[PDB]
Each structure stands twice: as structure tokens, then as C-alpha cells.
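Novice: For reference, the structure I am asking about is given below.
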Amino acid sequence: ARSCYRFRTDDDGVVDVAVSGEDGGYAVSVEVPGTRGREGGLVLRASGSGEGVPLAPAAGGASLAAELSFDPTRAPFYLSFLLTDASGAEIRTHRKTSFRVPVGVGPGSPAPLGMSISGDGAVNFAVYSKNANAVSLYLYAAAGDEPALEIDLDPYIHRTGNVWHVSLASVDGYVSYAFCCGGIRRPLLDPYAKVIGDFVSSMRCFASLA
Amino acid sequence: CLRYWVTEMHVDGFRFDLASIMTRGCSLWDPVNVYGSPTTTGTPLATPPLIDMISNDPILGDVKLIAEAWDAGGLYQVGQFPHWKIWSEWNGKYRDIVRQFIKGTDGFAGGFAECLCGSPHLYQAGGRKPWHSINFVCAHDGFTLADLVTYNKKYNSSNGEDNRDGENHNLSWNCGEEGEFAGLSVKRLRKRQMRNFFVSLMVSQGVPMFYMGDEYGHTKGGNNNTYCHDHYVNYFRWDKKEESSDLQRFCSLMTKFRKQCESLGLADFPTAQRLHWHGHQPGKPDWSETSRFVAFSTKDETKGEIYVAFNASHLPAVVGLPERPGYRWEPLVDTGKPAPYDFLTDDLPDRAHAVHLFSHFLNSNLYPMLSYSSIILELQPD
Amino acid sequence: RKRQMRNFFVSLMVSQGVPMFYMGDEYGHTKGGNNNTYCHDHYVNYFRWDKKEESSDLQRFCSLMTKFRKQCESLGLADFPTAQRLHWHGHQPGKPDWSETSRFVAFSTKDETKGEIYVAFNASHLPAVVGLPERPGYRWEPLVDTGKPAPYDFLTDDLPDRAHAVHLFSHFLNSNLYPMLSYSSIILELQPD
Ligand SMILES: OC[C@H]1O[C@H](O[C@H]2[C@H](O)[C@@H](O)[C@@H](O[C@H]3[C@H](O)[C@@H](O)[C@@H](O)O[C@@H]3CO)O[C@@H]2CO)[C@H](O)[C@@H](O)[C@@H]1O
Ligand SMILES: OC[C@H]1O[C@H](O[C@H]2[C@H](O)[C@@H](O)[C@@H](O[C@H]3[C@H](O)[C@@H](O)[C@@H](O)O[C@@H]3CO)O[C@@H]2CO)[C@H](O)[C@@H](O)[C@@H]1O
Ligand SMILES: OC[C@H]1O[C@H](O)[C@H](O)[C@@H](O)[C@@H]1O
Ligand SMILES: OC[C@H]1O[C@H](O)[C@H](O)[C@@H](O)[C@@H]1O
Ligand SMILES: OC[C@H]1O[C@H](O)[C@H](O)[C@@H](O)[C@@H]1O
């Protein structure tokens, strides 16, 4: 039960972030392989806070690494961090961004469009939107009015081409879902939903998770 | 199939062979099949359904979609391939124009300048950007880069089909004598020409594409169609790469220089504000049919300013450089210089001495260029 | 101005006759524009030994040119030049330009002690890549170029990096070419290849 994210850095390097759920919190293992571009060691500035959890030689010195832990019962969130070598210089993704990883939600798959159930039991969501550049998933439990849970999708991890997608360990305690596109908080009905709720006129309907 | 290769095998893009065949309609629309009685099979379409499905696919729409816009049936659609402002193309017109200009042919200065700018006359009108043009001088089919400057005609007798294979209009020049056994002057000219082709490829707007082996001078013996040879004529020669490591070094440095320059991989077509065209004297380009010299200067957000010049004429020329008060032009690239001085880097301990030996030309804003050669200079404060 | 002074000295030292120059011309003595300083005991009429040290580049060039004239057999001729040994060249070898618009004079001369000597004067305001005489089996070697910064205006074996300087123009020399600035001059020697 883990998910790997291999970020390509902007100084010809790689950063592997493995997120593993706990049997309740989460463990995020960051690993910098290679050498040269990180000559002198580096520190994991998580959101640039006074912390930073310096990476220590984990594998033969070739693989530097650090490990972070996050409390249980926390809703899906995003760990965003930078790396700073032992000279003050910063290290960013090849898109000039801070390495951001999801915690609580897996990457997902672009197909099938709609909501799918995988062999393990994880629920996959996929929606096509070319116009939108920001998509989020709302999960509503039994009455709800406002989302019981909101999961923003990272445009780089939770997107293949123009298909936003995200996987969830389970949807227990949730009965319906909707999509928010562009940034407008109005829930939307999944076009490929096979089961839907009752219409409510502004207009509102939610695809059932059953 | 394309979605499977993108989602399951994590492929980033596709190049479509004879993509124009994907524009030809099918017989289902013949008025006999539809309506029962009286457009026909094989007729090129304005909005082919397959290309429409690929361009606007949720997944495939955001991958690279390069097209070889022609086929063996006589259809040629360079600049016109139904694109939806998404598809790129193998710019064969760039290949032809660059091959013809760099070899010393009349009437290609304006076309060459258009090629250097991402072919706006082909892609700008339709709504596409300079990087939708895939610029290339050599590919798997046709002459290699080294054969492009060694042979005037194809040698395909080994293919078995009585030398009937491959392009007959190669637009190539043996740089004097033909074959690999030539005089020293011809060999030096060939080295110059290889570097000139690479410089033109690496300073143009668009995507530079080159075939494997062109970085060290791979030769197929004049055979421009080696589709049926499982021997070393089609292999990467790692032992021959070390012999010609000078050309490989020059190509690597040219690629790095393109990466560093902010004004070479442009997202839009060059504008007159950034790009200025010169001739043997600044501000006076020669666009006539007799011209064989093309020079320009480009403002650069990292390099300050870069001056590039191509002298495809058979005559040397002392070209004057733009006058920038308080500034000097510092040599970077000269394909005529012997290696490693064909490209100056800080890894040469005597770079400063090399620059000083030409400072007397660079101080009066001049540069002496050999025939068939290109130069790149950077504007440093002084 | 430095280029023109060197051009005058080269012209003086590569002509048949007896060269002559007034004292101080070897370092650039200046009288402040006074054409006829005949009634002055001032420093204006004195050799300035403190100034011939500062302008040691021009003095070195003059000494080297005098030594070069001494060495050459073809420049100390006891009789007028013969067309068998002296050949005239222009921007391209063998095609001198004697027109009223011409401002370029070049020649080559056989020298029983040195080989062949090629001298060129480009008195025009435009640079010029001049082609050198075609001599199979030999290549021209830079000796003098008045446009070059010192001490490369006159290459000599006392320079630790003469080979590097020649190599940096080898690509022009291999094609039998030499790029000249405006108002300049060059001397080359034909050496075995
Ligand atoms: O083009 C005439 C012009 O230049 C001549 O030099 C060379 C040309 O510049 C050069 O293009 C080349 O010509 C070849 C063509 O490029 C190519 O199509 C080829 O396959 O055949 C041509 C040569 O056979 O070569 C010539 C020199 O051979 C020439 O020096 C100039 O005087 C003339 O003005
Ligand atoms: O400077 C920005 C400008 O660059 C490019 O325009 C140049 C062309 O690439 C080039 O061919 C040339 O066009 C001239 C023709 O060759 C000549 O026959 C004649 O009739 O005049 C033409 C232009 O006056 O020079 C132009 C620039 O002068 C590029 O294509 C443009 O998109 C860009 O704006
Ligand atoms: O049909 C004309 C065109 O056909 C081909 O696709 C060739 O690549 C091109 O050089 C030629 O001009
Ligand atoms: O340029 C590629 C060449 O081979 C191709 O298969 C095309 O059919 C032909 O038109 C072209 O000349
Ligand atoms: O005759 C067969 C020919 O078919 C094609 O059109 C190719 O372009 C050519 O290289 C090949 O030889």
C-alpha cells in the first residue's frame, strides 16, 4: 500500500516521494538519488518553515533521503516542499514549482471515464475537461448540503492530457459525489454517471456512489 | 491503439508515417452506399474524421502529434495538414530550402530567412506557432548529414532494385570531389558544411530534429535508402564516434547554446523588435536572387544580444557588425576555425588569448569569414 | 595612427634604396604639430629617452623591421628588381590593380636566403581577405601584420606562443587567404609544408 511520485528536478536530477498509508497516519519518504548537483547535502524545506528535516545518507550515500509522518484521521491534503543544498540555493521541479504530493488520495487512472471500482476496492474518478485548469471532487454523505469532503486535484499528478483523475482508498460514509471545475463552487453532475440523484432547482444533482 | 500506447506504455508523442493517407476519405460516403444511388474513395478531406478524433481526444489531444504530410499517391500537404491548431509537421520545405541555401544556390536567402523564423508563411496564418514546425536537414530516409556533403547522387545498387530507390532530387553537394577520398581542402569544407547545417538547425525557430549518427558524421556510403540492410551501414558506430569527437563536441555545445539562449526556442514568431536582419553591413540585408549571405541579430534576455551570420557564398568576407555603443562583440562560434576553437568555452585554458588574437578585428566591429561558413557572436559590455 | 606609423616603417624597410628616418621616429616623437622646429632648444627638439621606453612596442617593431631587411637578400638589391623575381598581386594573386581607384599594392619576391616573401599594403578604408599566391608544397607563414596588437605585430621566435598565434589563423592560411584591416600591411614568408 504505497504510491510513488518521481519528480524531475530543474538541476538534472530526480526526487522520489513514496506515500504509504498506515495501518492510520501517512509516511512520506523522500529520496534523492544521484550526485553532483546536490554536492554537499540538502535539506527538505517543507513549505519553507523553520523545520526542514535534513536528508541523511540512506543508501550507501548515493541515495540521500528523509522520512516524514502525518497524523491519522486527516482529510486528503497536499505536502508541498522544496530542497535546499548546503549553500542556500533552492531546488525546484523542472516546471519551476515546489515538489507537491497528494496524501490520502492516489494518482488514479484516465479510463474508464466516470466512476469505477477497482479490484482492491479503491474508487477511481475520471472526468474530461479541456477548458478547466482546476478541478476538485466533492463527496457528500447522507443528510448533505455542503460537501462532506473536498479533494482538489493537482494539475500535474491528477491529470493525463485533458482527463482529470483521482483514486480513493474507499468511499465509506459517502453516498454521492460531484465535480467543481474552473474554480466556481457549484457542484456538477458527472456526464458518465450511471446512477444519479434527484434534481434540485440554481440547478443541482449528484452522481450516486452506489 | 494510440490511447493504449499513451496510458499503458507511457509514450509522450507520435510521428505518423505518410499521415496524408489519414486525410483520404473512405468509400462509405460514396453516394451509392449512402442514399442508395448517385465524394469517392481516396479523396483528400478538409476535416478528416480520424484526425478530428485524434486532435480532440481527451488523452491524445495533449500529446505530441507530428505528421509526415505526404504520401506515395501524389498528395503533399506541408503547411496544410488538417491541424486544429494542434498538429505539428515534418517541415520538408525547411529541409529543401536549407539544403539549397547552405550548398550555395541562388535565390534562397529570403526562403532561408523565413526558415530561420519558424516558417511564418506556412504556420502563422493557420493559427500555429513556430514550434509546430519540425525542422530537420536529414532523416532515416535520404542522405545522412555526412553523405549530404560527400555525394551528389544516390548509390542504391546494394538495395537490389537497379538503383531505382530513394529521392532523386537530394539537393546535395560533394563539396568538390566526390567520394570519401578527396583532398584536404574538400575535407575541411565538408567539416565546415556539417557544422553549418547543425548551426542553422540549432538557431532556427521550431523544433530541431536530427537522425542518429549525424552528431559524429555517420556515412552510409552514398546509399540514401537503406531500408533493407541489417549490417553496420545502419548501425551507430561507437568506435567511429571517438574518431570524430570534435563534431560531436560541436553539436553538443550548439545544443547547449540553444538551450541557454532565451531567444531561440521562442513560443511565438520573431518580431522586428527583437530580430533585425543585416548583410555584409548592418541593417542592409541582400534579398536578391544573387544573395548568398544571411545575417541577423536577436535581443536575448540572458545573452544580451546574439549576432548570427551565414556566408554560403564561395568568397570570404569581412562582415561589419552592428554598432552598439559601450559594447563589444565577443566571438562564440566559427565553423571555419580548427577544433576546439570552432566553439569557444571556458574549458579551453587559452580562450582569452584566442579572443585577443582577433580583438583587432572585433574592436573595429568586423569579423573575417571564410566561404561557406557561419559565425555566432555575443554582445558583452565593454 | 599606430597602424599608419607601422605602415610607413614597413614601406620604408621593404623598398629598394637606402631607408632613412629622423631620430625619434622609431618611438613616435611628436613636436606638437610644429612643422619647422628650427629655432628651439626646448624638449620639443630633444630625443625623449623616457618616452621611447613607454612606446617600446613601436621601437621594437622598428628594430625587428630593420633586422628583417638586413636578413632578406631580396631587399638589399644591388640592382633594380627583375620581373623574374618580383611579381605583382592584387586582392587576388597575379591580378594587380593599377587603376586610378586602386589603393592596394602587393608583391611577392624570391629570396635566395629565405624562400619567398609576400608583402601587401591595403591603403583603402575597407578590409580585404586577400588571396595569396598558390605555391604547391609550401604554405605562407605570418610574419608582420601592422593591425595586430603588440607584440604580435611582428612575430618572432622570442614569443612563447608564436605557434598558437599562427594556428589561430591557420584556417585562413590553409586556403591561401589573409584578412587585412583598412589602412594596414602584412608580410608573410613561404615555408615548406
Ligand atoms: O554556383 C555557381 C557559383 O559558385 C560556384 O561554386 C560552387 C557552388 O557555389 C556550389 O553550389 C556547387 O555547385 C553544385 C550545386 O550546389 C549542386 O547542385 C551540385 O550537385 O552541383 C554543383 C557543382 O557540380 O559547386 C560550385 C563549384 O563547383 C563557383 O565557384 C562560382 O564561380 C559560381 O559563381
Ligand atoms: O524582422 C522580423 C521579420 O522577419 C522575417 O521577415 C523577413 C523575411 O524572413 C525575409 O524573407 C525577408 O523578406 C523580404 C524578401 O526576402 C524580399 O524578397 C523582399 O521582397 O522583401 C521582403 C521583406 O521586405 O526579410 C524580412 C524582413 O525584412 C519574418 O518572415 C517576419 O515574419 C518577421 O516579421
Ligand atoms: O511531391 C513533391 C514532394 O514530395 C515529397 O514528399 C518530397 O519529400 C519533396 O521533396 C517533394 O517536393
Ligand atoms: O521524402 C520522403 C520520400 O519518401 C516517401 O515515402 C514519399 O512517398 C515520397 O514522396 C518522398 O519523396
Ligand atoms: O520505388 C520505391 C520507392 O517508394 C517510395 O515512394 C520511397 O520514397 C522511395 O524511397 C522508394 O524507393
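Labels for the C-alpha cells follow display order: chains A, B, ..., residues from 1 in each chain, ligands from 1.
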Skip residue 30 (chain A) itself and residues of its chain fewer than 2 positions away, then list as a ChimeraX atom specification all residues within 9 Å of it, counting only C-alpha atoms.
Specialist: /A:15-19,28,32,44,55,64-68
Novice: Dump N, CA, C and O atoms for the selected residues as a PDB file, in the first residue's frame?
Specialist:
ATOM      1  N   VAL A  15      13.722  13.152  -7.838  1.00  0.00           N
ATOM      2  CA  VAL A  15      13.283  13.123  -6.446  1.00  0.00           C
ATOM      3  C   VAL A  15      12.104  12.162  -6.361  1.00  0.00           C
ATOM      4  O   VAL A  15      11.050  12.418  -6.955  1.00  0.00           O
ATOM      5  N   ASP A  16      12.272  11.063  -5.630  1.00  0.00           N
ATOM      6  CA  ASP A  16      11.237  10.046  -5.498  1.00  0.00           C
ATOM      7  C   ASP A  16      10.538  10.213  -4.156  1.00  0.00           C
ATOM      8  O   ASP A  16      11.185  10.161  -3.107  1.00  0.00           O
ATOM      9  N   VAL A  17       9.223  10.394  -4.189  1.00  0.00           N
ATOM     10  CA  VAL A  17       8.418  10.578  -2.988  1.00  0.00           C
ATOM     11  C   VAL A  17       7.450   9.408  -2.911  1.00  0.00           C
ATOM     12  O   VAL A  17       6.585   9.254  -3.782  1.00  0.00           O
ATOM     13  N   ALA A  18       7.592   8.582  -1.882  1.00  0.00           N
ATOM     14  CA  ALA A  18       6.713   7.442  -1.665  1.00  0.00           C
ATOM     15  C   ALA A  18       5.779   7.754  -0.505  1.00  0.00           C
ATOM     16  O   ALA A  18       6.238   8.048   0.602  1.00  0.00           O
ATOM     17  N   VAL A  19       4.475   7.686  -0.756  1.00  0.00           N
ATOM     18  CA  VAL A  19       3.456   7.930   0.257  1.00  0.00           C
ATOM     19  C   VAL A  19       2.811   6.598   0.603  1.00  0.00           C
ATOM     20  O   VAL A  19       2.279   5.912  -0.278  1.00  0.00           O
ATOM     21  N   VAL A  28       5.706   9.670   4.383  1.00  0.00           N
ATOM     22  CA  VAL A  28       6.197  10.220   3.126  1.00  0.00           C
ATOM     23  C   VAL A  28       7.713  10.100   3.143  1.00  0.00           C
ATOM     24  O   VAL A  28       8.390  10.798   3.905  1.00  0.00           O
ATOM     25  N   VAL A  32      16.497  11.378  -2.765  1.00  0.00           N
ATOM     26  CA  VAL A  32      17.255  11.999  -3.843  1.00  0.00           C
ATOM     27  C   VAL A  32      18.383  11.038  -4.218  1.00  0.00           C
ATOM     28  O   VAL A  32      19.331  10.860  -3.435  1.00  0.00           O
ATOM     29  N   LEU A  44      15.180  19.365   3.378  1.00  0.00           N
ATOM     30  CA  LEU A  44      13.811  19.315   2.863  1.00  0.00           C
ATOM     31  C   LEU A  44      12.985  20.416   3.517  1.00  0.00           C
ATOM     32  O   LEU A  44      12.317  20.201   4.528  1.00  0.00           O
ATOM     33  N   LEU A  55      18.111  15.821   4.988  1.00  0.00           N
ATOM     34  CA  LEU A  55      18.239  14.479   4.438  1.00  0.00           C
ATOM     35  C   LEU A  55      19.573  13.876   4.850  1.00  0.00           C
ATOM     36  O   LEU A  55      20.621  14.518   4.731  1.00  0.00           O
ATOM     37  N   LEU A  64      20.439   9.786  -0.924  1.00  0.00           N
ATOM     38  CA  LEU A  64      20.086  10.591   0.234  1.00  0.00           C
ATOM     39  C   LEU A  64      18.581  10.505   0.443  1.00  0.00           C
ATOM     40  O   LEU A  64      17.826  10.266  -0.501  1.00  0.00           O
ATOM     41  N   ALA A  65      18.133  10.684   1.682  1.00  0.00           N
ATOM     42  CA  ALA A  65      16.707  10.508   1.922  1.00  0.00           C
ATOM     43  C   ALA A  65      16.283  11.187   3.215  1.00  0.00           C
ATOM     44  O   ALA A  65      17.107  11.572   4.048  1.00  0.00           O
ATOM     45  N   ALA A  66      14.966  11.326   3.351  1.00  0.00           N
ATOM     46  CA  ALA A  66      14.325  11.799   4.567  1.00  0.00           C
ATOM     47  C   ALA A  66      12.958  11.139   4.670  1.00  0.00           C
ATOM     48  O   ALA A  66      12.403  10.659   3.679  1.00  0.00           O
ATOM     49  N   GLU A  67      12.419  11.116   5.887  1.00  0.00           N
ATOM     50  CA  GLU A  67      11.125  10.500   6.144  1.00  0.00           C
ATOM     51  C   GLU A  67      10.284  11.434   6.998  1.00  0.00           C
ATOM     52  O   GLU A  67      10.761  11.951   8.012  1.00  0.00           O
ATOM     53  N   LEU A  68       9.037  11.644   6.585  1.00  0.00           N
ATOM     54  CA  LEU A  68       8.084  12.484   7.293  1.00  0.00           C
ATOM     55  C   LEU A  68       6.857  11.653   7.644  1.00  0.00           C
ATOM     56  O   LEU A  68       6.542  10.673   6.965  1.00  0.00           O
TER      57      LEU A  68
END
Novice: Excluding same-chain residues fewer than 6 positions from residue 181 (chain A), what lies within 12 Å of it counting only C-alpha atoms, as a short mmCIF file (atom, residue, chain, number, x, y, z; two decimals) with N, CA, C and O atoms, in the first residue's frame?
Specialist:
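And here is the file that came out, around_27.cif:
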data_model
loop_
_atom_site.label_atom_id
_atom_site.label_comp_id
_atom_site.auth_asym_id
_atom_site.auth_seq_id
_atom_site.Cartn_x
_atom_site.Cartn_y
_atom_site.Cartn_z
N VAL A 127 -12.76 12.49 -15.23
CA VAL A 127 -13.64 13.46 -15.88
C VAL A 127 -12.83 14.23 -16.91
O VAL A 127 -11.69 14.62 -16.65
N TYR A 128 -13.42 14.46 -18.07
CA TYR A 128 -12.77 15.22 -19.13
C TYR A 128 -13.14 16.69 -19.00
O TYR A 128 -14.32 17.04 -18.87
N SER A 129 -12.13 17.56 -19.05
CA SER A 129 -12.36 19.00 -19.06
C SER A 129 -11.13 19.67 -19.66
O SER A 129 -10.09 19.74 -19.01
N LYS A 130 -11.27 20.16 -20.89
CA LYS A 130 -10.18 20.90 -21.52
C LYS A 130 -10.20 22.37 -21.11
O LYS A 130 -9.14 22.96 -20.88
N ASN A 131 -11.39 22.96 -21.01
CA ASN A 131 -11.49 24.37 -20.64
C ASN A 131 -10.97 24.61 -19.23
O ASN A 131 -10.25 25.58 -18.98
N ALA A 132 -11.31 23.73 -18.29
CA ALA A 132 -10.91 23.91 -16.91
C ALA A 132 -9.41 23.68 -16.75
O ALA A 132 -8.82 22.84 -17.44
N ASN A 133 -8.80 24.43 -15.84
CA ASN A 133 -7.43 24.19 -15.40
C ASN A 133 -7.36 23.97 -13.90
O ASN A 133 -6.27 24.03 -13.31
N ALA A 134 -8.50 23.70 -13.26
CA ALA A 134 -8.54 23.43 -11.82
C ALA A 134 -9.81 22.65 -11.54
O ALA A 134 -10.91 23.18 -11.69
N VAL A 135 -9.66 21.39 -11.12
CA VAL A 135 -10.78 20.50 -10.88
C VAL A 135 -10.69 19.97 -9.46
O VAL A 135 -9.59 19.69 -8.96
N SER A 136 -11.84 19.83 -8.81
CA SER A 136 -11.91 19.27 -7.47
C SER A 136 -13.11 18.34 -7.38
O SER A 136 -14.11 18.51 -8.08
N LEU A 137 -13.00 17.35 -6.50
CA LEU A 137 -14.05 16.36 -6.27
C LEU A 137 -14.70 16.62 -4.92
O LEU A 137 -14.01 16.73 -3.90
N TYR A 138 -16.03 16.71 -4.92
CA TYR A 138 -16.81 16.84 -3.70
C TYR A 138 -17.49 15.51 -3.41
O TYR A 138 -18.11 14.92 -4.30
N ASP A 152 -9.05 18.66 -3.90
CA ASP A 152 -8.53 19.33 -5.08
C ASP A 152 -7.55 18.41 -5.80
O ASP A 152 -6.81 17.65 -5.17
N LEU A 153 -7.56 18.47 -7.13
CA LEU A 153 -6.73 17.61 -7.96
C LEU A 153 -5.53 18.39 -8.47
O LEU A 153 -5.69 19.47 -9.06
N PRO A 155 -2.93 19.57 -10.91
CA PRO A 155 -2.96 19.52 -12.38
C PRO A 155 -1.84 18.70 -13.00
O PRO A 155 -1.92 18.38 -14.19
N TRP A 164 -8.88 14.69 -15.99
CA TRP A 164 -8.58 14.72 -14.57
C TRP A 164 -9.01 13.41 -13.94
O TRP A 164 -10.06 12.86 -14.27
N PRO A 187 -21.44 22.53 -7.61
CA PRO A 187 -21.22 21.12 -7.96
C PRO A 187 -21.78 20.81 -9.34
O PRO A 187 -22.75 21.43 -9.80
N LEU A 188 -21.16 19.84 -10.01
CA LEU A 188 -21.55 19.44 -11.35
C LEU A 188 -21.81 17.94 -11.38
O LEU A 188 -21.21 17.17 -10.62
N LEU A 189 -22.72 17.53 -12.27
CA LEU A 189 -23.06 16.12 -12.42
C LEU A 189 -22.13 15.46 -13.43
O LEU A 189 -21.95 15.97 -14.54
N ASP A 190 -21.55 14.33 -13.05
CA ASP A 190 -20.63 13.62 -13.93
C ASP A 190 -21.37 13.16 -15.18
O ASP A 190 -22.38 12.44 -15.06
#
Novice: To check your reading of the model: which residues sit at most 10 Å from ligand 3 when counting only C-alpha atoms and all ligand atoms? Write the answer as a list in words.
Specialist: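 If we count only C-alpha atoms and all ligand atoms, the neighbours of ligand 3 turn out to be residues 18, 68, 69, 70, 71, 72, 73, 74, 75, 76, 77, 78, 90, 91, 92, 93, 95, 96, 141, 142, 167, 168, 169, 170 and 171 of chain B.
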Novice: Export, as an mmCIF file, in the first residue's frame, the selected residues with C-alpha atoms.
Specialist:
data_model
loop_
_atom_site.group_PDB
_atom_site.id
_atom_site.type_symbol
_atom_site.label_atom_id
_atom_site.label_comp_id
_atom_site.auth_asym_id
_atom_site.auth_seq_id
_atom_site.Cartn_x
_atom_site.Cartn_y
_atom_site.Cartn_z
ATOM 1 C CA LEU B 18 2.597 9.241 -44.572
ATOM 2 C CA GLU B 68 4.685 13.378 -42.311
ATOM 3 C CA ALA B 69 2.288 15.326 -44.526
ATOM 4 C CA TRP B 70 2.554 13.478 -47.834
ATOM 5 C CA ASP B 71 2.184 10.017 -49.343
ATOM 6 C CA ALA B 72 3.191 7.956 -52.370
ATOM 7 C CA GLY B 73 -0.078 8.765 -54.164
ATOM 8 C CA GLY B 74 0.967 12.324 -55.004
ATOM 9 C CA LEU B 75 -0.632 14.141 -52.052
ATOM 10 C CA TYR B 76 1.551 16.818 -50.443
ATOM 11 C CA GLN B 77 0.190 18.850 -47.532
ATOM 12 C CA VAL B 78 3.083 20.668 -45.854
ATOM 13 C CA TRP B 90 7.875 17.411 -40.640
ATOM 14 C CA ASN B 91 8.841 20.623 -42.412
ATOM 15 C CA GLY B 92 10.127 19.265 -45.711
ATOM 16 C CA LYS B 93 10.206 22.770 -47.158
ATOM 17 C CA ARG B 95 14.797 20.766 -45.363
ATOM 18 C CA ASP B 96 14.783 21.686 -49.053
ATOM 19 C CA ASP B 141 15.300 8.162 -45.393
ATOM 20 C CA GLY B 142 17.659 10.183 -47.566
ATOM 21 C CA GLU B 167 14.792 10.525 -53.574
ATOM 22 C CA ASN B 168 16.365 11.507 -56.898
ATOM 23 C CA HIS B 169 16.390 15.241 -56.013
ATOM 24 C CA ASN B 170 18.687 15.199 -52.984
ATOM 25 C CA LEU B 171 19.843 18.833 -53.244
#
Novice: For chain B, work out the contacting residues on chain A at 9 Å, counting only C-alpha atoms, and write them as JSON, numbers by chain.
Specialist: {"A": [109, 110, 111, 128, 129, 130, 160, 161, 162, 163]}
Novice: Go ahead and save the residues from that selection, with N, CA, C and O atoms, as a PDB file, in the first residue's frame.
Specialist:
ATOM      1  N   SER A 109      -6.525   6.774 -12.581  1.00  0.00           N
ATOM      2  CA  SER A 109      -6.372   6.353 -13.963  1.00  0.00           C
ATOM      3  C   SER A 109      -7.284   7.178 -14.857  1.00  0.00           C
ATOM      4  O   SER A 109      -8.366   7.591 -14.432  1.00  0.00           O
ATOM      5  N   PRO A 110      -6.874   7.434 -16.104  1.00  0.00           N
ATOM      6  CA  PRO A 110      -7.710   8.247 -17.001  1.00  0.00           C
ATOM      7  C   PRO A 110      -8.915   7.515 -17.565  1.00  0.00           C
ATOM      8  O   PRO A 110      -9.832   8.175 -18.074  1.00  0.00           O
ATOM      9  N   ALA A 111      -8.947   6.189 -17.501  1.00  0.00           N
ATOM     10  CA  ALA A 111     -10.056   5.401 -18.009  1.00  0.00           C
ATOM     11  C   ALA A 111     -10.466   4.382 -16.959  1.00  0.00           C
ATOM     12  O   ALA A 111      -9.628   3.927 -16.172  1.00  0.00           O
ATOM     13  N   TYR A 128     -13.423  14.460 -18.073  1.00  0.00           N
ATOM     14  CA  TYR A 128     -12.774  15.222 -19.130  1.00  0.00           C
ATOM     15  C   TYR A 128     -13.139  16.695 -19.004  1.00  0.00           C
ATOM     16  O   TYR A 128     -14.317  17.039 -18.870  1.00  0.00           O
ATOM     17  N   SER A 129     -12.127  17.558 -19.048  1.00  0.00           N
ATOM     18  CA  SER A 129     -12.361  18.999 -19.057  1.00  0.00           C
ATOM     19  C   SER A 129     -11.135  19.670 -19.657  1.00  0.00           C
ATOM     20  O   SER A 129     -10.088  19.737 -19.007  1.00  0.00           O
ATOM     21  N   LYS A 130     -11.267  20.161 -20.889  1.00  0.00           N
ATOM     22  CA  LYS A 130     -10.179  20.899 -21.519  1.00  0.00           C
ATOM     23  C   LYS A 130     -10.197  22.368 -21.111  1.00  0.00           C
ATOM     24  O   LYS A 130      -9.140  22.964 -20.879  1.00  0.00           O
ATOM     25  N   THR A 160      -4.117  13.288 -16.955  1.00  0.00           N
ATOM     26  CA  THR A 160      -3.490  12.717 -18.143  1.00  0.00           C
ATOM     27  C   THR A 160      -4.089  13.420 -19.349  1.00  0.00           C
ATOM     28  O   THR A 160      -5.261  13.210 -19.677  1.00  0.00           O
ATOM     29  N   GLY A 161      -3.292  14.253 -20.009  1.00  0.00           N
ATOM     30  CA  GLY A 161      -3.803  15.061 -21.095  1.00  0.00           C
ATOM     31  C   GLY A 161      -4.864  16.028 -20.613  1.00  0.00           C
ATOM     32  O   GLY A 161      -4.554  17.008 -19.929  1.00  0.00           O
ATOM     33  N   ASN A 162      -6.122  15.762 -20.962  1.00  0.00           N
ATOM     34  CA  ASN A 162      -7.251  16.580 -20.539  1.00  0.00           C
ATOM     35  C   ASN A 162      -8.240  15.794 -19.687  1.00  0.00           C
ATOM     36  O   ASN A 162      -9.404  16.187 -19.574  1.00  0.00           O
ATOM     37  N   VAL A 163      -7.802  14.692 -19.086  1.00  0.00           N
ATOM     38  CA  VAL A 163      -8.650  13.845 -18.256  1.00  0.00           C
ATOM     39  C   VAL A 163      -8.146  13.956 -16.825  1.00  0.00           C
ATOM     40  O   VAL A 163      -7.102  13.390 -16.477  1.00  0.00           O
TER      41      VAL A 163
END
Novice: Please extract the residues of region 89-280 of chain B with a backbone DSSP assignment of strand (DSSP E) and present them as a compact mmCIF listing (two decimals) with C-alpha atoms, in the first residue's frame.
Specialist:
# COMPACT_ATOMS: atom_id res chain seq x y z
CA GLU B 89 4.59 18.61 -39.18
CA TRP B 90 7.88 17.41 -40.64
CA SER B 133 7.41 23.18 -37.40
CA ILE B 134 9.73 20.19 -37.00
CA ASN B 135 12.88 21.46 -38.72
CA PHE B 136 15.26 18.78 -39.99
CA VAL B 207 11.95 22.05 -33.07
CA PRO B 208 15.36 20.78 -34.27
CA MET B 209 15.23 17.10 -35.23
CA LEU B 275 15.11 40.32 -34.60
CA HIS B 276 16.99 42.56 -37.05
CA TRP B 277 18.31 41.48 -40.44
CA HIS B 278 21.76 42.51 -41.68
Novice: Quick check for you: according to DSSP on this backbone, which residues of region 108-350 of chain B are classed as helix (DSSP H, G or I)? Reply as a PyMOL selection string.
Specialist: chain B and resi 109-116+120-123+130-132+147-149+157-159+184-203+232-234+238-243+245-260
Novice: What is the CA of residue 13 (chain A)-CA of residue 34 (chain A) distance in Å, reported with one decimal?
Specialist: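 CA of residue 13 (chain A) sits 6.9 Å away from CA of residue 34 (chain A).
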Novice: Point out the residue among C:80, C:137, C:6, C:185 with the least atom-to-atom distance to residue 105 (chain C), counting only C-alpha atoms.
Specialist: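 Residue with the minimum atom-to-atom distance to residue 105 (chain C): C:185.
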Novice: Measure the distance from CA of residue 104 (chain A) to CA of residue 173 (chain A) in Å and round it to one decimal.
Specialist: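 Atom-to-atom, CA of residue 104 (chain A) to CA of residue 173 (chain A), that is 15.6 Å.
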Novice: Could you report the residues within 9 Å of ligand 1, using only C-alpha atoms and all ligand atoms, as a ChimeraX atom specification?
Specialist: /B:100-106,151-153,170-177,312-315,372
